[PDB]
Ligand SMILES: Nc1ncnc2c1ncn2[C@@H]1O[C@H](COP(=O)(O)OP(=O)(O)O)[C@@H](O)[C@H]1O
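Have a look below at one chain only, the form solved without adenosine-5'-diphosphate, in structure tokens format.
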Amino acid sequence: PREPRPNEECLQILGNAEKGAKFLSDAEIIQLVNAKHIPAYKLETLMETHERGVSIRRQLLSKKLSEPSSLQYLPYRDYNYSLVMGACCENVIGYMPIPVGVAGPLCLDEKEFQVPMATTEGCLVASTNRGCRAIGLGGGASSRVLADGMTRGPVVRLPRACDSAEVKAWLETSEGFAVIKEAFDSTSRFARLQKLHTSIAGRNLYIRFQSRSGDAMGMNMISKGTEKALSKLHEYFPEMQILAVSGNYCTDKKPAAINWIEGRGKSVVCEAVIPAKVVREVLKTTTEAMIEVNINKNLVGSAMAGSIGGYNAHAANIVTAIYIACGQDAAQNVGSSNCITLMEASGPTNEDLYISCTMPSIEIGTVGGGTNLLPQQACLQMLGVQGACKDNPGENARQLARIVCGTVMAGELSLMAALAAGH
């Protein structure tokens, strides 16, 4: 054993650049932190290795818990914290393992994918797998990206609603839009402002900037561009007050009709045709039952519940699983799960099942944020969409959006079949 050296003493070893942390014990570091000498947030930098830093943070936290042994089974060792510091999380005390299953092969646009799904919900992966199998036997699915651009919705305020109208009119002209577009586009190589969407409420003006962002999800880049554009706008209207760079008009991570109607991020449609025989043998139902359930649950049931954009069975399940697996911001599922699922009869006999999923607001990226960590990069890699696509910028993000829509469609197929076979 041993015992803790006084503070002033300990604060010196820390300073000796040939004899630093590593000559101090956990108790000595604890003492230094408690005297408010060391800032606990700097532990991963201040300590010898990053792992130790998180160890020290864990010990400190444990001391303050009603059950000191709470963190025992929270894993923290043998994890690369270098990539998380100053990028992804703060006050780190370990990591939360989420089991990763694989659904597939998903036969989409003449290719095959193996889709990783990080979930703690039993049977979700198996159900998605059955849907994938049905689609595969059906001759594969097809998808298209319909629109692409991340949006940011700042709110500005003018002295009078008349002034707000003037600003809106000026933004609607070709010259004003050109000036704003130049200012916005100057901030990055992928910043290419598309048509603006404005909304007035009294003297509040809400401006929705939209743009592609390469392979990144685009929030940071769009925000930077917006800021620059708002400065430029302020030059012409010095009385304008920028109230908030985010005025809930984007709309980011909230249910909003605007995302459903205008789109946000990527808008995708996927479709497939399942032969009648396959619907019988794999899905254990019939086309007629599937259509009946689809109409009376996904359309009418959602309408009676007063849903905007929730005209599907469980798109949120698949979207969340894939998002967590692939390092996406999982909160964005709120907006990204918007989907409408349609089923119809098809074929020369009206016996085959046509299915389509439409998802207008898939917010997704393959660069930046959570996609900078190796484990999430692995899941992106097994799909073939990891990182930036140098040849055709944004192609990887588009492909990932297509895969997400296809997987959602497989999940819908399976769950709807299960509900229709019923009991």
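Numbers for residues come from their place in the sequence shown, where the first is 1.
What follows is about the form solved in complex with adenosine-5'-diphosphate, which we do not show.
Novice: Spell it out for me: taking adenosine-5'-diphosphate in the deposited bound form, does every residue among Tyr323, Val334 and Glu363 have a heavy atom no farther than 4.5 Å from it?
Specialist: The answer is no: none of the three residues contacts the partner (heavy atom, 4.5 Å cut-off).
Novice: Quick one: from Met290, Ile258, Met219, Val156, grab the residue that has a heavy atom within 4.5 Å of adenosine-5'-diphosphate in the deposited bound form.
Specialist: Checked against the cut-off, the match is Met219.
Novice: Is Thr341 a contact residue for adenosine-5'-diphosphate in the deposited bound form, using a 4.5 Å heavy atom cut-off?
Specialist: Although adenosine-5'-diphosphate is absent here, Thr341 would stay clear of it in the deposited bound form, with no heavy atoms inside 4.5 Å.
Novice: Does any part of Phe113 reach within 4.5 Å of adenosine-5'-diphosphate in the deposited bound form? Heavy atoms only, please.
Specialist: No, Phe113 is distant from the partner.
Novice: Considering non-hydrogen atoms and a 4.5 Å limit, does adenosine-5'-diphosphate approach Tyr311 in the deposited bound form?
Specialist: Answer no; every heavy atom of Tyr311 is more than 4.5 Å from adenosine-5'-diphosphate in the deposited bound form.
Novice: Any of the heavy atoms of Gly214 lying within 4.5 Å of adenosine-5'-diphosphate in the deposited bound form?
Specialist: It does: once adenosine-5'-diphosphate is placed as it appears in the deposited bound form, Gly214 has a heavy atom within 4.5 Å of it.
Novice: Among 67-75, 203-211, 187-195, 344-352, which stretch has residues with heavy atoms no more than 4.5 Å from adenosine-5'-diphosphate in the deposited bound form?
Specialist: Selected stretch: 187-195.
Novice: Counting only non-hydrogen atoms and a 4.5 Å cut-off, give the residues of 101-122 close to adenosine-5'-diphosphate in the deposited bound form.
Specialist: Heavy-atom contacts within 4.5 Å come from no residue here.
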